[PDB]
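Okay, so here's the structure we're looking at.
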Amino acid sequence: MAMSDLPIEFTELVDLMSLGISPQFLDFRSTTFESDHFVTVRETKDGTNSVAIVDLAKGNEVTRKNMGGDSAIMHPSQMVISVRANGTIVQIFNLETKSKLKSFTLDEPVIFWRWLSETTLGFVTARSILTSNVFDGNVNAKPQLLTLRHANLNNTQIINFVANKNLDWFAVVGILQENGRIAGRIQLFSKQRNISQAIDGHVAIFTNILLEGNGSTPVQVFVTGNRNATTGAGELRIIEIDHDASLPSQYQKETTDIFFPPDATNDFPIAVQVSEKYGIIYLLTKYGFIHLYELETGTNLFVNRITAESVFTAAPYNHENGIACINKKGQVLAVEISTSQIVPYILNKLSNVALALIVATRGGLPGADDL
Amino acid sequence: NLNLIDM
Amino acid sequence: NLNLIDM
């Protein structure tokens, strides 16, 4: 396929090794990525920790600071850094105003954290799942218990924690070795119902879709991807949550195969992000394959290899219209749909008029005026 | 309790 | 106070 006909736009946002980052820190624990605004690299040199903040939105400007903690993340959009020492001491600072937003010491160590929203930080301990309203102004208030972890996440490495926009549905993802492969486990929690459900999956996200009949009111869907560690079968599922009975149109569950080539036995999904505006799911594998699916139908649009070096983390890109990731060589890579080519691609390469109409209509995209 | 989702 | 980051 000629490059001008690709339905995606690919960009290298930065090469971290060009900024002087050492490859020994390019790993899931040390180089963190909450959004395409920033990359935070925790460095240790002669026994002393530091953080390098790379501002991808400002020409890859690097801000370096010494720190006493051993784990650090940036906010999705603001110059707010969250630092912890050995899971127990936690401090969150606005680097602009210099002000301390949160400062507390946990009795039970935090072992994973992730921004759930612009206002809310999620914490997972050995036993518990918590959230903090970081910007509530009460500096010493500890995170609030959301729920206990489900036993299905026992013995997993926690790799993600996501929520819906209403902050009343949540998913925690962990991985473990099983049958010589990596299996994924997900705890889904409804805050309104105070109920958890254990499911199999490597990736998860909550999103919204506008359906015919429903005016401008979206319906909510949960998107999950899985590779079965016994059978090797890959599956994407999209399922409605909390249907508003006032709305005439419901989202019928969709299931789609996730393709794995024959020599990719040990590959699995590592990230999923969604463009709400365009209704496009972007699913990335550990080995660097990107898979696009249309959100309404679950149709697999496109599969391509964006990197040969393994991906270790990912985040939304371009106001959550795409996906960005970091590979083991320190390249920060981004994919979003080509607004000029996606509809022609569906029409001409997939020969799918109905799907072309769906995508064109939802996104206000060119290429479908003659249908 | 029912499943939250059909999965 | 302890500050974990050197501002």
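Quick note on naming: the chains in the structure tokens go A, B, ... in the order shown, residues restart at 1 in each chain, and ligands are numbered from 1 in order of appearance.
Selecting chain A residues within 9 Å of chain C and counting only C-alpha atoms yields residues 50, 51, 65, 66, 67, 68, 69, 83, 84, 85, 89, 90, 91, 93, 95 and 98 of chain A.
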Could you dump the residues just selected with C-alpha atoms as a CSV table (one decimal), in the first residue's frame?
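Saved the output as part23.csv:
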```csv
chain,number,residue,atom,x,y,z
A,50,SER,CA,16.3,12.3,39.6
A,51,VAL,CA,13.3,12.9,37.2
A,65,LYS,CA,14.8,17.7,39.2
A,66,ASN,CA,16.5,15.7,41.9
A,67,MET,CA,14.0,13.6,43.9
A,68,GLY,CA,13.9,11.4,47.0
A,69,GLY,CA,11.1,9.1,45.7
A,83,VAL,CA,6.0,11.2,43.5
A,84,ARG,CA,6.1,8.3,45.9
A,85,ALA,CA,8.9,6.7,48.0
A,89,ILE,CA,5.3,8.4,51.3
A,90,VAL,CA,3.3,10.3,48.6
A,91,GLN,CA,3.6,13.9,47.6
A,93,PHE,CA,3.3,19.1,43.5
A,95,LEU,CA,5.7,22.6,39.6
A,98,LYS,CA,5.5,25.3,43.6
```
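Residues surrounding residue A:200 within 8 Å are residues 183, 184, 185, 186 and 226 of chain A [only C-alpha atoms; sequence separation below 3 positions excluded].
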| Residues near residue A:11, cut-off 12 Å, only C-alpha atoms, skip fewer than 2 positions along chain, as an NGL selection string | :A and (8-9 or 13-15 or 306-307 or 317-318 or 322-325 or 331-338)
Please produce a file of those selected residues containing N, CA, C and O atoms, as a PDB file, in the first residue's frame.
```
ATOM      1  N   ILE A   8      -4.055   5.780   8.305  1.00  0.00           N
ATOM      2  CA  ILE A   8      -3.528   6.339   9.546  1.00  0.00           C
ATOM      3  C   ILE A   8      -2.409   7.321   9.218  1.00  0.00           C
ATOM      4  O   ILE A   8      -1.799   7.247   8.154  1.00  0.00           O
ATOM      5  N   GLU A   9      -2.149   8.212  10.174  1.00  0.00           N
ATOM      6  CA  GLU A   9      -0.973   9.052  10.207  1.00  0.00           C
ATOM      7  C   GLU A   9      -0.092   8.579  11.360  1.00  0.00           C
ATOM      8  O   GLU A   9      -0.577   8.370  12.468  1.00  0.00           O
ATOM      9  N   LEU A  13       7.069  11.205  17.847  1.00  0.00           N
ATOM     10  CA  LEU A  13       6.980  12.416  18.648  1.00  0.00           C
ATOM     11  C   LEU A  13       8.356  12.810  19.179  1.00  0.00           C
ATOM     12  O   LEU A  13       8.722  13.977  19.096  1.00  0.00           O
ATOM     13  N   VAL A  14       9.129  11.841  19.692  1.00  0.00           N
ATOM     14  CA  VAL A  14      10.499  12.128  20.117  1.00  0.00           C
ATOM     15  C   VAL A  14      11.265  10.816  20.195  1.00  0.00           C
ATOM     16  O   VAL A  14      10.665   9.753  20.392  1.00  0.00           O
ATOM     17  N   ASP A  15      12.591  10.909  20.066  1.00  0.00           N
ATOM     18  CA  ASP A  15      13.485   9.818  20.400  1.00  0.00           C
ATOM     19  C   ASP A  15      14.153  10.181  21.720  1.00  0.00           C
ATOM     20  O   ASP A  15      14.982  11.097  21.755  1.00  0.00           O
ATOM     21  N   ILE A 306       3.760  -0.914  13.700  1.00  0.00           N
ATOM     22  CA  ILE A 306       4.311   0.422  13.891  1.00  0.00           C
ATOM     23  C   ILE A 306       5.711   0.394  14.507  1.00  0.00           C
ATOM     24  O   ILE A 306       6.495   1.310  14.254  1.00  0.00           O
ATOM     25  N   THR A 307       6.044  -0.654  15.275  1.00  0.00           N
ATOM     26  CA  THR A 307       7.392  -0.800  15.804  1.00  0.00           C
ATOM     27  C   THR A 307       7.780  -2.276  15.884  1.00  0.00           C
ATOM     28  O   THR A 307       6.924  -3.141  16.027  1.00  0.00           O
ATOM     29  N   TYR A 317      -3.479  10.050  22.521  1.00  0.00           N
ATOM     30  CA  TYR A 317      -2.736  11.020  21.725  1.00  0.00           C
ATOM     31  C   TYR A 317      -3.714  12.002  21.102  1.00  0.00           C
ATOM     32  O   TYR A 317      -4.771  11.601  20.637  1.00  0.00           O
ATOM     33  N   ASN A 318      -3.319  13.279  21.059  1.00  0.00           N
ATOM     34  CA  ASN A 318      -3.985  14.353  20.336  1.00  0.00           C
ATOM     35  C   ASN A 318      -5.429  14.521  20.811  1.00  0.00           C
ATOM     36  O   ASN A 318      -6.378  14.275  20.067  1.00  0.00           O
ATOM     37  N   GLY A 322      -6.270   9.671  19.185  1.00  0.00           N
ATOM     38  CA  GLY A 322      -5.344   8.656  18.714  1.00  0.00           C
ATOM     39  C   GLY A 322      -4.664   7.954  19.882  1.00  0.00           C
ATOM     40  O   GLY A 322      -5.120   8.046  21.030  1.00  0.00           O
ATOM     41  N   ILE A 323      -3.566   7.267  19.572  1.00  0.00           N
ATOM     42  CA  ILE A 323      -2.809   6.500  20.546  1.00  0.00           C
ATOM     43  C   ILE A 323      -1.323   6.839  20.386  1.00  0.00           C
ATOM     44  O   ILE A 323      -0.831   7.035  19.266  1.00  0.00           O
ATOM     45  N   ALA A 324      -0.607   6.937  21.520  1.00  0.00           N
ATOM     46  CA  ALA A 324       0.842   7.049  21.509  1.00  0.00           C
ATOM     47  C   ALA A 324       1.430   5.936  22.370  1.00  0.00           C
ATOM     48  O   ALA A 324       0.755   5.416  23.262  1.00  0.00           O
ATOM     49  N   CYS A 325       2.679   5.572  22.100  1.00  0.00           N
ATOM     50  CA  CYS A 325       3.336   4.504  22.843  1.00  0.00           C
ATOM     51  C   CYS A 325       4.837   4.753  22.897  1.00  0.00           C
ATOM     52  O   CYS A 325       5.351   5.620  22.185  1.00  0.00           O
ATOM     53  N   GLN A 331      11.753   5.354  21.473  1.00  0.00           N
ATOM     54  CA  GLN A 331      10.939   6.095  20.528  1.00  0.00           C
ATOM     55  C   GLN A 331       9.526   6.241  21.062  1.00  0.00           C
ATOM     56  O   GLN A 331       8.908   5.262  21.440  1.00  0.00           O
ATOM     57  N   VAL A 332       9.030   7.478  21.067  1.00  0.00           N
ATOM     58  CA  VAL A 332       7.647   7.786  21.404  1.00  0.00           C
ATOM     59  C   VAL A 332       6.907   7.971  20.082  1.00  0.00           C
ATOM     60  O   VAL A 332       7.237   8.881  19.316  1.00  0.00           O
ATOM     61  N   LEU A 333       5.970   7.054  19.813  1.00  0.00           N
ATOM     62  CA  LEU A 333       5.343   6.926  18.508  1.00  0.00           C
ATOM     63  C   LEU A 333       3.856   7.197  18.653  1.00  0.00           C
ATOM     64  O   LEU A 333       3.260   6.859  19.679  1.00  0.00           O
ATOM     65  N   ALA A 334       3.257   7.787  17.621  1.00  0.00           N
ATOM     66  CA  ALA A 334       1.847   8.143  17.667  1.00  0.00           C
ATOM     67  C   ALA A 334       1.168   7.719  16.376  1.00  0.00           C
ATOM     68  O   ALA A 334       1.768   7.791  15.290  1.00  0.00           O
ATOM     69  N   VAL A 335      -0.095   7.291  16.531  1.00  0.00           N
ATOM     70  CA  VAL A 335      -0.974   6.935  15.433  1.00  0.00           C
ATOM     71  C   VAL A 335      -2.338   7.592  15.677  1.00  0.00           C
ATOM     72  O   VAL A 335      -2.895   7.491  16.772  1.00  0.00           O
ATOM     73  N   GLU A 336      -2.875   8.226  14.627  1.00  0.00           N
ATOM     74  CA  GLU A 336      -4.286   8.567  14.558  1.00  0.00           C
ATOM     75  C   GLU A 336      -4.759   8.325  13.129  1.00  0.00           C
ATOM     76  O   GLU A 336      -3.944   8.157  12.228  1.00  0.00           O
ATOM     77  N   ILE A 337      -6.078   8.334  12.920  1.00  0.00           N
ATOM     78  CA  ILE A 337      -6.627   8.141  11.592  1.00  0.00           C
ATOM     79  C   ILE A 337      -6.271   9.359  10.758  1.00  0.00           C
ATOM     80  O   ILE A 337      -6.095  10.453  11.276  1.00  0.00           O
ATOM     81  N   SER A 338      -6.102   9.126   9.456  1.00  0.00           N
ATOM     82  CA  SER A 338      -6.039  10.158   8.451  1.00  0.00           C
ATOM     83  C   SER A 338      -7.459  10.583   8.134  1.00  0.00           C
ATOM     84  O   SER A 338      -8.222   9.786   7.596  1.00  0.00           O
TER      85      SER A 338
END
```
| request: Using atom CA of residue A:345 and atom CA of residue A:7 as the two end points, give the distance in Å to one decimal. | output: 6.2 Å
